[PDB]
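Peer 1: build me a model from this:
(6 chains)
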Protein chains: 6
Amino acid sequence: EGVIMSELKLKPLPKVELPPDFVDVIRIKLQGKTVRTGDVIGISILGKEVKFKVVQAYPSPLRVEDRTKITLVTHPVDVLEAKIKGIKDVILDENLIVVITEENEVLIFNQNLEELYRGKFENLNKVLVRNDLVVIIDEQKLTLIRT
Amino acid sequence: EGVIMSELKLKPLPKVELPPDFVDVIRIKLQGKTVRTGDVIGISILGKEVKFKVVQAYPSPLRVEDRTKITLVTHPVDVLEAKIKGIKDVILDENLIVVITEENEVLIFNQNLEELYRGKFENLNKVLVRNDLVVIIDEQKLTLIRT
Amino acid sequence: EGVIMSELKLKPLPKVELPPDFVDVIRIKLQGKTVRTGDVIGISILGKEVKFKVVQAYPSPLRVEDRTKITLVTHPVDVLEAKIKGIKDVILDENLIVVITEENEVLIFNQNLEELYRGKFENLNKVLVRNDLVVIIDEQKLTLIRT
Amino acid sequence: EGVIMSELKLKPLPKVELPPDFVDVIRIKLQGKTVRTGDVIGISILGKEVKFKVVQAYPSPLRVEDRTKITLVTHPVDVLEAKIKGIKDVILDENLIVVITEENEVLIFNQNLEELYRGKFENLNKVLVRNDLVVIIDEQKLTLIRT
Amino acid sequence: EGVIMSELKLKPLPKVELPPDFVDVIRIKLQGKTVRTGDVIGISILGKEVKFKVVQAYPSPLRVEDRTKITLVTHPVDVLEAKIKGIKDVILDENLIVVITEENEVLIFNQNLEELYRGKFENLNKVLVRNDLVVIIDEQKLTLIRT
Amino acid sequence: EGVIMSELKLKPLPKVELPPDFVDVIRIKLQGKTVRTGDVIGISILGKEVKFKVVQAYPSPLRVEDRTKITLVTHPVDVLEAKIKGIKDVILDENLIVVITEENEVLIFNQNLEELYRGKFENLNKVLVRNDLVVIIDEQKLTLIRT
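Peer 2: Numbering: from 1, shown residues only, chains lettered A, B, ... in the order given. There you are, the coordinates:
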């Protein structure tokens, strides 16, 4: 009477990014076979050995059929890099990134490392930042920048 | 029934200044036609070809009607500048901007760069800002300002 | 149909106090005429030219009738000043203002710049202010002040 | 059958010594008028503008008559004092008062200036306080005190 | 339906800790007598006289019966002490106590002064404590401790 | 409205491996009896004596019933350690661990002391960490790391 769902949680041992359709392939290949938590399976892909560990099966044992839901667990970080030669000083705020170069130029980026504001000021003396609001101070004038 | 908000965002490829009433002209002409994100439309103004790109439509597709909100995008952030020659020191607070000039005068603006208070004190020694309350301190007396 | 009220806001360019019945007299003279924001009117009072500017007409334009509400604005913020000669140190707290004078005397005021407590201590060494409580420390004695 | 008395409590904002019969004069002037809590009245005394505030009226609104009792209060805040000779250092916490004497003795009082804990430590080196928990550090012993 | 519960609030003038059964003894002695707020009663315990003041009776006058609830109002502190000789430095955290001894040993206790972890590191250079996580840093080894 | 719970923490004095259902057996024997912190119970198993000490009863005294949760204590805290030679500086955050080594290498671990990001920068000048966002500053470029 009570309906019980079937789900298998898998995790990859080597650090590699899988294609969008990887899940679809694993469904097609595994169906018909029975698996239990703790098993380790070796698959040859693109002439390279990749090991997959079964994290947990609900229920255990589990039989793989088209209806079974399969989920992959992964936790990689996104690394972004911008080449900057001759950095002078760096000011970091929880939700804003401000970098000053030796050339008396100020660049303002967001969390996504995208360029929003660019200005050069000969008489740049001080730069102040608070949350998402930024202000540039130069002997000639006051610049107020609002995001 | 339930009312759902519709919005269309347009941006011009060339950098040109549009009249304030531009929105009024556009909506009246375009109503009745359907547009989808990515479309390109050409409009002739005073014998000049300007290309407008449809940045986004919510929902997509979108039907252009007088009741829909149409907005023009020009810059990612808002930039305001004020010429101030001979700045001595600048104090920045989340909701207050205080600038002190060599002439021993104190100017207090808000985030919108509008003038709220103006005073000059020969014996100006210290200026302090805390929360929505601001105070100016001079050897002869104390000025307390409530906003 | 929702009803919209009628209100006119006026501001005087010169800083002068108007008689108590001034407002009522102006109302009588104006009613019957239509006014719009930005208009400037000149009135001769006791051989002195006082210029009044129309700050805002709600709605614009506005018709002046007996039923219309009239408000005169003097200042946008509240400025209070107190004479204090020979200030040595000043401590600001979210809801308290404490001033220490070279004469070894401590004055405690509230946000409204009113005097609550006055005490002088020959051997005054430290003044501690936190949130809403005040404590004065001198080598001879300890004073506990509860707001 | 029920007895109901009429009383008004007034407080003067400026700190000035009033003559013994001052209350008598005020009563004579005020009777016949009705007053409500919070009202502020300005009176000229000896060529000085004194502001009197109505602290409370029992009952409110109160009608001043010959039989109405008026009391003069002059306590804007609660002030307590303790005599202490040779204080070494004072540490103030949100809800605790800790005083260290030159004789390497530690006394802990509450907001009410009452004695809760008392100890002496020859090798007293440091005192640490955070929240409602306090600890005393001496070269020989670690003392932990829970409020 | 309206059942009225009776309560008597007592407070002692001298500060002393009472045994758990103290309340029971008082009740036995009092029943049968009538008491009103403000009365003073003297009880001899352990050869020392203690004076108890009746803080308030609800309702008054109250007749003491077995069914009356008696409550004692006091604000005493709990003192726990551990012998520790040769303390080097002490760091206090909101819910953790970390002590470093001259012998380069690190002790981690909780608020109750109970020992959770004991370790010793010859090359102890720094100790960091924040939130429910603590870490010990020595030039040879890095230790991560989850509490 | 109010939920009540009972828990007993027990610890064995001799080091012996107990079966998974050992807890169940103890429960059956003890129920019906009252226990208090500090009591010692002796159980005969296979002719060998094993003593169990009652570490703490919550609340105390406690009556053991089928609904009471019984827990066995073995590891009060989780300690994990890694060998690291030549540590230069260490910065700890509530949910992030950043370590900098003398060899100009930067290691970023999570709470579980697992490698998430590992890189080396000859010209490493400054390292700044805030919340789950990490930034590395080197003369060559700016590195932004998003968790």
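Peer 1: tell me the domain boundaries of chain A?
Peer 2: Using curated CATH domains, the domain ranges for chain A come out as A:1-78, A:79-147.
Peer 1: list the beta-bridge partners for the residue nearest the centre of chain A.
Peer 2: In chain A, the residue lying closest to the centroid (CA atoms, centre = their mean) is residue A:78, at 3.7 Å. Residue A:78 forms beta bridges with residue F:146, as assigned by DSSP bridges.
Peer 1: that one touches residue F:134, doesn't it?
Peer 2: No - checked against CB atoms under 8 Å, the pair residue A:78 and residue F:134 is beyond contact range at 11.4 Å. (C-beta placed from N, C-alpha, C; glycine too.)
Peer 1: what is in contact with those two at once?
Peer 2: Shared contacts of residue A:78 and residue F:134 (CB atoms under 8 Å, 6 or more residues apart in numbering or on different chains): residue F:145.
Peer 1: just put the domains of chain A in a markdown table and tack on distance to residue F:141.
Peer 2: Below are the domains of chain A laid out as a markdown table (distance: least, CB to CB, whole Å):
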| stretch | distance to residue F:141 |
| --- | --- |
| domain A:1-78 | 16 |
| domain A:79-147 | 5 |
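Peer 1: of all those domains, which lies closest to residue B:138?
Peer 2: Closest to residue B:138 of the domains of chain A, according to CB to CB: domain A:79-147, at 23.1 Å.
Peer 1: okay, now residue A:8: neighbour count?
Peer 2: As a burial measure, residue A:8 scores 21 neighbours (other CB atoms under 10 Å in any protein chain shown).
Peer 1: buried deepest among the domains of chain A, which one?
Peer 2: Mean neighbour counts were compared across these using mean count of other CB atoms under 10 Å in any protein chain shown; the top stretch is domain A:79-147, at a mean of 15.
Peer 1: is any part of the helix or strand containing residue A:97 close to chain F?
Peer 2: Here residue A:97 sits within strand A:96-101, counting by DSSP states H and E. Yes - contact of strand A:96-101 with chain F (CB under 8 Å from any CB of the partner chain) involves A:97, A:99.
Peer 1: so which elements touch that strand?
Peer 2: Helices and strands touching strand A:96-101, by 3 or more CB pairs under 8 Å, 6 or more residues apart in numbering or on different chains; DSSP states H and E, are strand A:87-93, strand A:105-109, strand A:124-130.
Peer 1: go again with 6 Å.
Peer 2: Applying 3 or more CB pairs under 6 Å, 6 or more residues apart in numbering or on different chains; DSSP states H and E, we find strand A:96-101 packed against strand A:87-93, strand A:105-109.
Peer 1: contact partners of it?
Peer 2: Here strand A:96-101 makes contact (CB atoms under 6 Å, 6 or more residues apart in numbering or on different chains) with A:88-91, A:106-109, A:129, A:132.
Peer 1: include distance to chain B when you put the helices and strands packed on strand A:96-101 into a markdown table, please.
Peer 2: Rendered in a markdown table, the data for the helices and strands packed on strand A:96-101 read as follows (distance: least, CB to the nearest CB, whole Å):
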| stretch | distance to chain B |
| --- | --- |
| strand A:87-93 | 12 |
| strand A:105-109 | 8 |
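Peer 1: of all these, which lies closest to chain C?
Peer 2: Nearest to chain C, of all the helices and strands packed on strand A:96-101, is strand A:87-93, at 23.8 Å by CB to the nearest CB.
Peer 1: partner strands of the closest one and their direction?
Peer 2: Looking at strand A:87-93 with DSSP bridges, its partner strands are strand A:96-101 (antiparallel).
Peer 1: next, the angle from the strand it pairs with to strand A:105-109.
Peer 2: 160 degrees (axes from the mean of the first three to the mean of the last three CA atoms, to 10 degrees).
Peer 1: may I have strand A:96-101 exported as CSV, CA atoms only?
Peer 2: Output of strand A:96-101 as CSV, limited to C-alpha atoms (Å, rounded to 0.1, in the frame of the first residue of the first chain):
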residue,chain,number,x,y,z
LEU,A,96,32.8,43.9,-3.7
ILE,A,97,36.3,43.6,-5.1
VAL,A,98,38.5,46.8,-5.6
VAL,A,99,42.0,46.6,-7.0
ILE,A,100,44.4,49.5,-7.5
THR,A,101,47.3,49.4,-9.9
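Peer 1: chain center to that strand, what's the gap?
Peer 2: 22 Å (CA atoms, centre = their mean, to the nearest Å).
Peer 1: repeat that for stretch A:119-138.
Peer 2: 30 Å.
Peer 1: so does it get close to chain B?
Peer 2: Yes - applying CB under 6 Å from any CB of the partner chain, one finds stretch A:119-138 touching chain B at A:128, A:130, A:135, A:137.
Peer 1: any residue of stretch A:104-120 up close to chain F?
Peer 2: Yes - if you take CB under 6 Å from any CB as the test, stretch A:104-120 does meet chain F, through residue A:113.
Peer 1: and the end-to-end length of that stretch?
Peer 2: Stretch A:104-120 has its terminal residues 6 Å apart, counting by CA to CA, to the nearest Å.
Peer 1: likewise stretch A:41-61?
Peer 2: With CA to CA applied, stretch A:41-61 spans 16 Å between its terminal residues.
Peer 1: not counting sequence-adjacent ones, nearest residue to whichever residue of chain A sits closest to chain C?
Peer 2: Of all residues in chain A, residue A:130 sits closest to chain C, at 18.7 Å by CB to the nearest CB. In space, and not counting its chain neighbours, residue A:130 is closest to residue B:94: 5.5 Å by CB to CB, 6 or more residues apart in numbering or on different chains.
Peer 1: and the one you found, how far from residue E:31?
Peer 2: Distance of residue B:94 to residue E:31, given as CB to CB, to the nearest Å: 65 Å.
Peer 1: test my guess that residue A:132 contacts residue A:95.
Peer 2: Yes - counting by CB atoms under 6 Å, residue A:132 touches residue A:95, with 5.4 Å between them.
Peer 1: what's the closest non-adjacent residue to residue A:31?
Peer 2: That would be residue A:64: by CB to CB, 6+ apart, it lies 5.1 Å from residue A:31.
Peer 1: pretty sure that neighbour sits against residue A:30.
Peer 2: Yes - Residue A:64 is in contact with residue A:30 according to CB under 6 Å; the separation is 4.5 Å.
Peer 1: of all the domains of chain A, which one is nearest residue F:82?
Peer 2: With respect to residue F:82, and counting by CB to CB, the nearest of the domains of chain A is domain A:1-78 at 19.4 Å.
Peer 1: dihedrals phi and psi, residue A:47?
Peer 2: phi 70, psi 30 (degrees, to the nearest 10).
Peer 1: so which residues make contact with the strand ranked longest in chain A?
Peer 2: The strand that spans the most residues within chain A, counting by DSSP state E, is strand A:48-58. By CB under 6 Å, 6+ apart, the residues outside strand A:48-58 that reach it are A:7-14, A:35, A:37, A:39-43.
Peer 1: among these, which one lies nearest to chain B?
Peer 2: Ranked by distance to chain B (CB to the nearest CB), the contacts of strand A:48-58 are led by residue A:7 at 33.5 Å.
Peer 1: phi, psi of the nearest residue to the closest one once chain neighbours are set aside?
Peer 2: Spatial nearest neighbour of residue A:7, excluding adjacent residues (CB to CB, 6+ apart): residue A:69 at 4.8 Å. Main-chain dihedrals, residue A:69, degrees, to the nearest 10: phi -90, psi 130.
Peer 1: residue A:69 contacts residue A:8, correct?
Peer 2: No - Residue A:69 is beyond contact range of residue A:8, at 7.6 Å (criterion: CB under 6 Å).
Peer 1: joint contacts of those two?
Peer 2: Counting by CB under 6 Å, 6+ apart, residue A:69 and residue A:8 have no shared contacts at all.
Peer 1: circling back: for the helices and strands packed on strand A:96-101, which one sits closest to residue D:21?
Peer 2: strand A:87-93 (65.7 Å).
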